[PDB]
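Chain nomenclature is as follows: A, B, C, D, E and F, assigned in order of appearance, with residue numbering initiated at 1 for each chain independently.
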Amino acid sequence: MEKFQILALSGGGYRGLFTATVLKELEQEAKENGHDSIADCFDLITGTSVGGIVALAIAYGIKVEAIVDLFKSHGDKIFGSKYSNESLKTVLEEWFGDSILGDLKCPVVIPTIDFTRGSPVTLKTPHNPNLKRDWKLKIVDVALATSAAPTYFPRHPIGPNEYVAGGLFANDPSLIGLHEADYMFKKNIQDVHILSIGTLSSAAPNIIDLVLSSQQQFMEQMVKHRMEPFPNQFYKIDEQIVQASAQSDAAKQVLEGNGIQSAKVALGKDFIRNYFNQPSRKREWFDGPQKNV
Amino acid sequence: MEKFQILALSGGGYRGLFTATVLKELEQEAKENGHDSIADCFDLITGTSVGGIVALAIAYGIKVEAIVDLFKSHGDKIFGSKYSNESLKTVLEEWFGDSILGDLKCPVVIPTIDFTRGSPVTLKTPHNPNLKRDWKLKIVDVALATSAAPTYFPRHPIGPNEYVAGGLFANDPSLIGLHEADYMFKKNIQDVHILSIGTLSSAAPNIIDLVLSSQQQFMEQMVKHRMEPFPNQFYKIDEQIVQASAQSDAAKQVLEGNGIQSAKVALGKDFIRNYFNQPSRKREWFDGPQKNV
Amino acid sequence: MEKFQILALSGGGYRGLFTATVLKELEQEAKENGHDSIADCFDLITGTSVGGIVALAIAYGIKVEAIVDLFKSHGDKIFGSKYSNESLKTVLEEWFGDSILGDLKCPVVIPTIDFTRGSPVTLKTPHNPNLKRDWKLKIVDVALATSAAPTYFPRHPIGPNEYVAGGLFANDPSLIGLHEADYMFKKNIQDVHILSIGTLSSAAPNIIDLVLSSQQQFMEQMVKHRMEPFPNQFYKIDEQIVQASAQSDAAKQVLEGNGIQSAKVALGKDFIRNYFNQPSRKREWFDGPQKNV
Amino acid sequence: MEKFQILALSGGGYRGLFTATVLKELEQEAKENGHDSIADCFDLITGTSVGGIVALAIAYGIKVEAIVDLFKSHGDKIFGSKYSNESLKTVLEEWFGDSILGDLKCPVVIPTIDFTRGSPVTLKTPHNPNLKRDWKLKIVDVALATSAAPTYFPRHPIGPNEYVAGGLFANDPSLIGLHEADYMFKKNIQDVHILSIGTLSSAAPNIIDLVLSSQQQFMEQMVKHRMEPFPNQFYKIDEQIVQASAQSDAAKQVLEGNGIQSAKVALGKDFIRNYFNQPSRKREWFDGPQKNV
Amino acid sequence: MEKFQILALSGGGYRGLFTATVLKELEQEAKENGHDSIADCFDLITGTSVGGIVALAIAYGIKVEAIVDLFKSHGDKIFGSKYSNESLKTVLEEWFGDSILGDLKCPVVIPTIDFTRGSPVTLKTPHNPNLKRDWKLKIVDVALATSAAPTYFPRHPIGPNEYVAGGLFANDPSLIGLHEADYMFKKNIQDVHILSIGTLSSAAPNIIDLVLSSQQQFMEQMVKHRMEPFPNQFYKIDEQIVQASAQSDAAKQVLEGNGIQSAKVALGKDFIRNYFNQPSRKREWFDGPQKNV
Amino acid sequence: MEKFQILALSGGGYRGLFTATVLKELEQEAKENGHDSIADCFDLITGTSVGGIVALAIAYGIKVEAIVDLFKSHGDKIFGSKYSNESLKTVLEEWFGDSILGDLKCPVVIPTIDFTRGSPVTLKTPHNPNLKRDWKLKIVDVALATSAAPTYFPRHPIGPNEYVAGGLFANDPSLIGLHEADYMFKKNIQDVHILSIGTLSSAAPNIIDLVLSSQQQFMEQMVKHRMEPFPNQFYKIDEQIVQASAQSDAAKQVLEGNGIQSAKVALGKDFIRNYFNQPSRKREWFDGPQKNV
């Protein structure tokens, strides 16, 4: 019985700068405890849309300084269909290149919707004997697929199928982490610790937004309910202070400051600090270039 | 350790003649085994959309002949905002009258969205010591709230709040049943048996439909995954034969016939027949006129 | 032994209708458990600003239906110096009349500032042998003094001294409740249960607002810190859902609905329900018309 | 059980010279009893405003002769927004340089307000296992942030956030000392000894001053009330003689003389002399350049 | 061993309204405890100058409502030599008439200076076998002698001698009370309880004022020193709040309000309330019309 | 129980030749009984005005021949502001030099007034654990401060404060001796023996003189009253013969003859002779260079 820790990077658009600021501060705590990256402290990383461009980068081993550098120097240009995806593609090739999803150092689950069939899809690494087809994809294509919503980006054809943004259906990536730890990893729920670094989003479009918000809250409350018998085993690092804030470079200042303050609040809790004071986790890859089993 | 059985009536619009026909066919077994209604064989009833109306009618003790009579004699008229809700209101008062949600004979969970706050809400009978405010509502108002979607019906103001249809977020009422049996009834998942009598539904609206279908499938697959270690403990009575059917009174014929065939297929499985061959279930009401504890 | 329960009503201006709604739904539980009013379940009541006109009304025995009737029928007119205190005065005489502060059924602490000396003052019922001069005041004058701020109301001269609103300094009436239970009631902090039904408020004025908000948060966090070793012994019923609300009669609707939802959430927690299921509180008055000791 | 002694320096503006004269006299006793500085006799140092530039200097190990030299040779120049923070900045770099807040020899708590979020903040040395982010700051920036009020100094941007003066909210640094000894140090209140070397300050601005004075007195009286059961465990060295004084170099004379007289009065009390006749205090740093634990 | 209680009415000029208001509030406590006047709770009453016009009135049995009526309706006119004492004489005859000093109900000591010899004199009632010549004087003449200072009033010739104001030498009437209790009443100092209701006063004249203030403080500190071994046996009701007051009818308001607040503070202390909860004191007159021995 | 003997040198101006002559005559008995100086027979020495100078000289160990030499050879020159203090300063440096007040061989109390604050001050040797700041002063500065009255000498700035003559307030140094022996030495009054070698002094100035004389007599009579139960324990060596004398070198003759006659009268009383026939007193210094405890 050792703790199965999940990092559920929730977010959307340009508020992602909050998610990368909270992650630069948490990273420091990992280093100071002797880890190579913040991806060595977690057994699973789940993200949706932009949270997936950060989740893949975290698991690949990318320094969080560059994930933040993306949002405060390239954030305007990146974040036909109101965007052309070319700058995002350039930065992602800059980062990854031609690496496949099986080259990640941490198991990830990237939910997304198959527009062709119109059905949920999850792009996962080979962390179970049964996952054998998603480790061959370009990390660039996975990143372009997860962060591709209608009226935001053209749908990305990874292969024969067209995929849209994952936040449309699985707007909470903390239910995916808990579910994946319950059926792929056969983990008892008492051993699951979820850290969800999410953020709040900023007649028909009104209805779509209402449905999306309601569907994120429904799944978040389900995760909170399943983790109530075990105290402090699900903690969400949200900017609950911006809603209490009595008061785009200025917006960068507010986002950065909110991220730093939320990470400071989180590091003051011993159970959050206990995510990073452990021996480096050992992975079990069942396929791909890093096959251990 | 006795089996906690859940009835998850999934349904949308007129295809409800399928859900009411399968329920009318299962009533036959329920009575032949010596029960008063099909609501005496289940510990929880969850439904969204028209399923909610059928779920409330099932739990209230209404004969399933009249629930079917609603769909093949009043189905066209009932199923500004393309409908006026007056015929549905008349039939619901005809059925219920001025009964409160605490007069139900079976615990129910009716998910719905608070349009005012734009957040998930569940209307629940007083079945837990913690449910103390939803047993006072009109069953008519609950039925008008659950089956009230934009472009279908005006939003129903039960009280100070306006509510929209529950199928928008909790499109699968079998995840609600399983969760309730986990966070309210403190039931071990091996003791939970879910019977989901659902049916298949018939650029922006395309995206909304895709998102709704994807969100129903995601939650359905989560329920199927959590119930795989226990064989045959989650069975869905779906019209998987209409998709294999090589070929509005005619539509009534197809819906009825499909319901009868699906119920015939279900009754051929001993584990489905074991839902109805048990002593009548004893309820524990913690508030309202039927308070037992 | 006996749990010392405190009700810390925080309410500024028109969003007092939230405080009056949460208390109409908490009195229901109070009556359903067999109490005469919601003032029989608490051993101390503290309010500042409108929370004091509600705190005095609660302790006097006024039905909470009329406290709500004040905010949705007289709220605009009541809430020179932008407001003639005459309306409130009429409603307060219609409620109280010529009753003195010693006629209250529950000990209250009403903080306020002496503008003459410019120093903190607390108007308290004679609930300690050392309180002997504030039980002689008009409840009407106390209510007009607590809810009297510059640029809102003229300063009220209760006697030879002029008093201004208490929210200016003691913006959190939950630190006053905890302190009074600590220095007047000689209560061990483990026996103190605080229920704070507050609400969020809506270059020099900016600085004043910033200072007031900072001073409310500082004292609130001090109360939260002193009550962390004892779980769930300080619960604040705040409209944390309006800050999550994706969406003046309309404002009345939002305030009412938020109050009802927050009270519903609070009543779902057993420790909140345990405030009202206890034997009636026996008072010890050490002076005034009701001196029992 | 050994005494936990707190030094709560309160000093607004030029009447800080009082706080420096009282300290130089109290350091004499400190040295005569065999200590290196007056920071070796205390287990916590709290300060607000100028009292924070003195509190940091005391804890850093700066000789109190230079803290007094600041007020009688540089006091006019230091004490757009009526004051260019440049002078103070030069003197603070001349004192500290590039030392971080983790290089202090005594735990300090410097309250301040985050203008960006508009919320209370406390800059603390790493004296608890939960304080891990404020030991990295420049002492110069902390000093420029604590002593930065509107209409006095421009707001100081330590990092991504702008901070204003701490005296605006936490005008009494003796409630902060008592609270920190209660929630961070887990100290029994009978073991806490507070020595507060404060001083008295000299239509809208009138209201702001009234609110600030009322908020200082409220918190001071709360500290006095919590420390009444333990005699002489909270002593405030205030210039209560200048208000009894029957009668800017002349002002320097009055301030100096008042400080010397108040320190003489304080040293005549054996319980004050017992703060300095003890073995040197041993610190427990849980992070930073001096981490011992 | 029963407590010997002394009332030392210190005061001066028109601030006497403070002393008369603190005494109306303390009187109420005497009545509420069942005494005829505030002169039945004390064994000795010492006053200087105006405090003597109040001390004589208190001991004579005059209602304190009229002593206050003197200061807020006749205060300007009463308070050649800037002030011909005709109005004061009229009001004193109105009060007393032709009563001798031996008709007082409480022993009093009125210090004064014999201008003829230029030596201290005390006008005392026959409360010792050795006091046999002062009980024959007019109370009007004693009142006109005690409140008669140069540059204020002409010197009053009671008999063959001219007398000036007593505040010139015995500016503190609490040292006189303690001394009398020590040599006339042969009381142990542990049994002496002094309640001093005084107030603060508002090149050669500067020197005279400095000397007078220094001589009042010297004697006050001597009384405080002799009463330190016995806690709370010397309490001075001073307006220490007007020196902390951040802010001639207005002056009447401040004086009255300060008196009411100081009396409220005093009545909150159980040892002050214990002055009035005792059986009525029994006097021993050794000469005059009320001779008991 | 051994006798606590006090020497209260009262004096003013050149009449100080009486005190110096009486002291020179008592030195004869002191030496004839085997003591080093007249300061070895007393436990405390209190003086005001020129008495302070003589008191400091007596305690320092100065031969009384030189104290008399000051008054009959330098008396005219020493005794802007009618004097320049330079001759007195020269003679005092001649005597003391750079010795601090802690180098005295006998505890002394020198009353004086702080002109800055306008409050009583006493300069005391470190004779109690609580006296820790007056032993560092120059004896020359103490002597120049005690003997510095307006219209006589410029005010002497010992440090940051200006001091005036002590005879203005504490015109009788025998009440100071008795009080000190009561509040600092914790001596029973039956063990206190006071020997007061004083002398009689020679429209606004008339009032000042009257007040000063009245204040000296008031305190003298208080000392006489407190020492009546113990016979001959307070004896004042006054020139009561010059007032009976039926009849500036001639004035020197009268002063010295009166001193010799008064000392002759005093030495004829056995209780005065018993001050000097005792073993040398042992001092307890609690601070300064002579610290014994």
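Here is the rule we go by: a residue touches a chain if its C-beta (ideal position, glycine included) is under 8 Å from a C-beta of that chain, and two chains touch if they have at least 3 such contacts.
Trainee: Just tell me the minimum hop count from chain D to chain F, counting one hop per pair of touching chains.
Mentor: Contact-graph shortest path, chain D to chain F, evaluates to 1.
Trainee: Mind listing the chains that sit against chain A and also against chain E?
Mentor: Touches both chain A and chain E: C, D.
Trainee: Over half of the contact pairs shared by residue number: find the pair among A-B, D-F or A-C that meets that against B-C.
Mentor: Of the listed pairs A-B, D-F or A-C, the one copying the B-C interface is D-F.
Trainee: With respect to inter-chain C-beta contacts, which pair, A-D or A-C, contains the greater number?
Mentor: A-D
Trainee: From the mean C-alpha coordinate of chain A to that of chain F, what's the distance rounded to whole Å?
Mentor: About 88 Å separates the centre of chain A from that of chain F.
Trainee: From the C-alpha centre of chain B to that of chain F, how far is it in Å?
Mentor: A distance of 105 Å separates the two centres.
Trainee: Approximately how many whole Å separate the CA-defined centres of chain D and chain E?
Mentor: Taking the average C-alpha coordinate of chain D and of chain E, the gap between them is 44 Å.
Trainee: Taking each chain's centre as the mean position of its Cα atoms, how many Å separate chain C from chain F?
Mentor: Their C-alpha centroids are separated by 66 Å.
Trainee: Residue numbers in chain A touching 2 or more other chains?
Mentor: Touching at least two other chains: 210, 213, 244, 246-247.
Trainee: Which word fits how the chains touch one another: line, ring, star, complete or other?
Mentor: It is other, because the touches fit no line, ring, star or complete pattern.
Trainee: Can you name every pair of chains that touch?
Mentor: A-B, A-C, A-D, B-C, C-D, C-E, D-E, D-F, E-F
Trainee: Name, in rising order, each residue of chain A that touches chain D in their complex.
Mentor: 25, 29, 241-242, 244-247, 253-254, 256-258, 260-261, 263-264, 267-270
Trainee: Contact residues on chain C for chain A in the complex?
Mentor: Counting only chain C, the residues touching chain A are 200, 209-210, 213, 243-244, 246-247.
Trainee: Could you please specify the touching residues of chain F with respect to chain D in the complex?
Mentor: Touching chain D from chain F are residues 114-119, 129-133, 159-161.
Trainee: Chain F touches which residues of chain E in the complex?
Mentor: Listed in rising order, the residues are 113, 115, 118-120, 150, 168-170, 175, 179, 182-183, 203-205, 207-208, 210-215, 217-218, 221-222, 225-226, 228.
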